[PDB]
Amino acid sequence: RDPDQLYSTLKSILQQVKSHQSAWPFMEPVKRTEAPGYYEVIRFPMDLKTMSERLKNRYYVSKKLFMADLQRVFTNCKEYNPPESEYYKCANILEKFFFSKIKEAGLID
């Protein structure tokens, strides 16, 4: 069940990330109205709702595709927001959590 092993593992990892107390800024797409100039600077927006959909839609056929999207959630945030903002802080906390979980799961060697 090599496809469903991957799916299972990713779903677990994604749920844990979504349940984390620092995930709240990333739960839905950034709104243009709340972020002036966001979509002019961030070319590939990503969020955890979209990732959930992608997962359900069987898009994440490799660990690399999953990693790229979730990494993008953090890097987008860090480019856009000031370094001591609450959003920037949440990104790094959640990113630390993400790297531990992917290492825990044996997704990167």
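The term rigid core refers to the maximal set of C-alpha atoms that superpose within 1.5 Å between the two forms. So that there is no doubt, residue numbering starts at 1 and follows the sequence shown.
Which stretch is less alike in 7 other deposited structures of this protein, 97-105 or 13-21, counting RMS CA distance after the rigid core is superposed?
The stretch that sits farther from the shown form in 7 other deposited structures of this protein is 97-105.
Superpose by the rigid core and compare 29-37 with 42-50; which one moves more, by C-alpha RMS, in 7 other deposited structures of this protein?
Output: 29-37, the stretch lying farther off on average in 7 other deposited structures of this protein.
On average, which has the higher Cα B-factor in the deposited entry, 30-38 or 79-87?
Comparing 30-38 with 79-87, the higher average CA B-factor belongs to 30-38.
For the stretches 45-53 and 58-66, which has the higher mean C-alpha B-factor as given in the deposited record?
Comparing 45-53 with 58-66, the higher mean C-alpha B-factor belongs to 58-66.
Lowest, middle or highest third: where is residue 101 by C-alpha B factor in its chain?
As the PDB entry reports it, the C-alpha B-factor of residue 101 lands in the highest third of its chain.
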